[PDB]
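Visitor: Could you have a look at this structure, given as structure tokens, before my questions?
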Amino acid sequence: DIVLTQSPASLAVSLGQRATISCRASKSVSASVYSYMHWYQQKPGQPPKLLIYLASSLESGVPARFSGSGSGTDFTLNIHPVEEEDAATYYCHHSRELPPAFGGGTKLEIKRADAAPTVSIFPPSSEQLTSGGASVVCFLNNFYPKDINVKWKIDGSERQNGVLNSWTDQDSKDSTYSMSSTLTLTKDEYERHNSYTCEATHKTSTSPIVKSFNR
Amino acid sequence: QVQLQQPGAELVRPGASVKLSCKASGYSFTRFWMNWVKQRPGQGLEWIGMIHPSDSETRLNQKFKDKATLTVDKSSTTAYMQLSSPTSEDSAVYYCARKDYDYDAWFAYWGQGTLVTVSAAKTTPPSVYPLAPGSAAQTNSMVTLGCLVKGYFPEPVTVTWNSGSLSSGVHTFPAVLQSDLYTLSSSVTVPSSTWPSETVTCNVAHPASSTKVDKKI
């Protein structure tokens, strides 16, 4: 069949610039000068949405900044000027032959200035302590780039076990990143220590950002 | 308004079978062909099969051949896809779309989606807990709060603040699987003047278990 190889697998373009994404087919999709290609846009938690069909034709209702070009086995998706809301996963489709298949996908990211995380730490809840468990959560919001590291320090000593970290996707409007860190401990483990510290290592601060509380 | 409706999620045991429904409205059901797409997180999109609702003529992928069975109900304007013996690799979100044929065939509409989780575990409703700072130095004009949702299987789960009253400064973190149960948290940032007067509530809803949980911070 016709296999599609998209390159690169992830792209980062600054606002106001042009974003190029290539979709290469193993065999020619061109038929009577009209090539079979479709460019889809899918945001997290939603189905894809059509942008350009017939590779040359922008769908009605889609902004004019979306466009496409190429013929035969070569096609591209050009977004100029890129906007903060344009961050999503792009796909390319081919109806030429059967069975139909979709490309590997290209995740577009916006390039902007760095931002420092806002650290907030919430001690375990009184309701959870009643059940015998203890969970201390540490929220990090609005930091760019996504590369960051969090460290838990109990009474000045680090604990790497029992930590669950989760990173979000790029916020459409804010184009920032957010993460949270959950350190789970029992009731006895929580009552036998007092100081609980959450620290963040980000490229915008020479030293970790210290946020803590006392039991 | 053309729309394709699907169930929220479905839980199935290994070796069993499932029946998924795709309901179309606002347009002639038999006048279009129903297609199915598979999306596994991180894998991307994968094509399943197409069917002609009028004559029930089917075309299936060599990969999904004999794994899936397509059928339609013209009285209810609903399309059905039966999957036999799902495995750990068959867990993914399934979509149904109306493929519009003009020259090249694209998808002008997509279904709501259905998450199919293949596991032997039993539905566990979530246990919500409030998260309050309880202290501060008066170094910020904003007040950050959080909500912990843990001990629930399978995904997904809805999390809102005051029944969606606060759409700003809200961050829903993806769930992490630990001990067969998923755990996520969410945070909201409200002005320091709003928090004393206004109450902040964590509204959590689990579609599978059909349970709603409200916890005040």
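Within each chain, counting starts at residue 1; across the structure tokens, chains are named A, B, ... in the order shown, with ligands numbered 1 upward in that order.
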Pull out every residue of chain A sitting within 9 Å of chain B, counting only C-alpha atoms, and send them as a PyMOL selection string.
Guide: chain A and resi 34-38+46-50+53-54+91+93-96+99-105+120-128+135-137+139+141+164-169+178-180+182+213
Visitor: Got a sec: who's within 10 Å of residue A:171, counting only C-alpha atoms, leaving out chain neighbours fewer than 2 positions off, as a list in words?
Guide: residues 84, 85, 87, 88, 142, 168, 169, 173, 174, 175, 176, 177 and 178 of chain A; 171 of chain B
Visitor: Can you pull out the residues contacting residue A:25? Cut-off 8 Å, using only C-alpha atoms, and skip same-chain residues under 6 positions away; I want them as number ranges by chain.
Guide: A: 2-5, 73-74
Visitor: Keeping N, CA and C atoms, export the residues of the selection given above as a PDB file, in the first residue's frame.
Guide:
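The resulting file, result.pdb, is reproduced below:
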```pdb
ATOM      1  N   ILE A   2       0.244   2.404   0.267  1.00  0.00           N
ATOM      2  CA  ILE A   2       0.935   3.688   0.306  1.00  0.00           C
ATOM      3  C   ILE A   2       1.208   4.034   1.763  1.00  0.00           C
ATOM      4  N   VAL A   3       2.485   4.079   2.129  1.00  0.00           N
ATOM      5  CA  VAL A   3       2.909   4.409   3.484  1.00  0.00           C
ATOM      6  C   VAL A   3       3.390   5.852   3.504  1.00  0.00           C
ATOM      7  N   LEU A   4       3.056   6.569   4.573  1.00  0.00           N
ATOM      8  CA  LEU A   4       3.429   7.968   4.736  1.00  0.00           C
ATOM      9  C   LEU A   4       4.471   8.092   5.838  1.00  0.00           C
ATOM     10  N   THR A   5       5.554   8.809   5.545  1.00  0.00           N
ATOM     11  CA  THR A   5       6.609   9.086   6.514  1.00  0.00           C
ATOM     12  C   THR A   5       6.702  10.596   6.689  1.00  0.00           C
ATOM     13  N   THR A  73       4.868  12.311  -4.582  1.00  0.00           N
ATOM     14  CA  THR A  73       5.197  11.723  -3.290  1.00  0.00           C
ATOM     15  C   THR A  73       5.646  12.754  -2.263  1.00  0.00           C
ATOM     16  N   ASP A  74       5.650  14.039  -2.612  1.00  0.00           N
ATOM     17  CA  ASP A  74       6.133  15.094  -1.731  1.00  0.00           C
ATOM     18  C   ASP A  74       5.007  16.079  -1.451  1.00  0.00           C
TER      19      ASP A  74
END
```
Visitor: Can you work out the spacing between atom CA of residue B:152 and atom CA of residue B:114 in Å, to one decimal?
Guide: 17.9 Å
Visitor: Smallest atom-to-atom distance to residue B:157: which of B:21, B:58, B:75, B:211, using only C-alpha atoms?
Guide: B:211
Visitor: Identify, on the basis of only C-alpha atoms, every residue whose closest approach to residue B:193 does not exceed 12 Å; exclude the query and any residue fewer than 6 positions from it along the same chain; express the result as a PyMOL selection string.
Guide: chain B and resi 140-143+199
Visitor: What are the DSSP strand (DSSP E) residues of stretch 56-116 of chain B, as an NGL selection string?
Guide: :B and (57-60 or 68-73 or 78-84 or 92-101 or 105-110 or 114-116)
Visitor: Which residues in stretch 68-215 of chain B does DSSP call helix (DSSP H, G or I)? List them as a PyMOL selection string.
Guide: chain B and resi 88-90+194-197
Visitor: Could you name the residues that touch stretch 145-162 of chain A at 8 Å or less, counting only C-alpha atoms, but leaving out those on the same chain fewer than 4 positions away, as a PyMOL selection string?
Guide: chain A and resi 114-115+176-177+181-185+193-203
Visitor: Go ahead and dump the residues you just picked, C-alpha atoms, as a JSON list (two decimals), in the first residue's frame.
Guide:
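What landed in selection-v5.json:
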```json
[["chain", "number", "residue", "atom", "x", "y", "z"],
["A", 114, "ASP", "CA", 11.69, 31.06, 29.36],
["A", 115, "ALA", "CA", 9.48, 31.22, 32.45],
["A", 176, "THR", "CA", 3.40, 27.21, 29.07],
["A", 177, "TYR", "CA", 3.98, 23.92, 30.89],
["A", 181, "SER", "CA", 4.63, 15.81, 42.11],
["A", 182, "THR", "CA", 2.89, 13.46, 44.55],
["A", 183, "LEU", "CA", 4.79, 11.83, 47.43],
["A", 184, "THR", "CA", 2.71, 9.13, 49.12],
["A", 185, "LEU", "CA", 3.39, 8.00, 52.69],
["A", 193, "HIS", "CA", 8.71, 13.48, 60.36],
["A", 194, "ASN", "CA", 8.06, 17.22, 60.56],
["A", 195, "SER", "CA", 9.75, 19.22, 57.77],
["A", 196, "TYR", "CA", 8.54, 18.48, 54.24],
["A", 197, "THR", "CA", 10.32, 20.36, 51.45],
["A", 198, "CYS", "CA", 9.63, 20.48, 47.71],
["A", 199, "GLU", "CA", 12.32, 21.88, 45.41],
["A", 200, "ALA", "CA", 12.46, 22.52, 41.66],
["A", 201, "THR", "CA", 15.48, 22.54, 39.34],
["A", 202, "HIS", "CA", 14.91, 24.74, 36.28],
["A", 203, "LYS", "CA", 17.29, 26.41, 33.84]]
```
Visitor: Quick one, how far is atom CA of residue B:26 from atom CA of residue B:5?
Guide: 11.6 Å
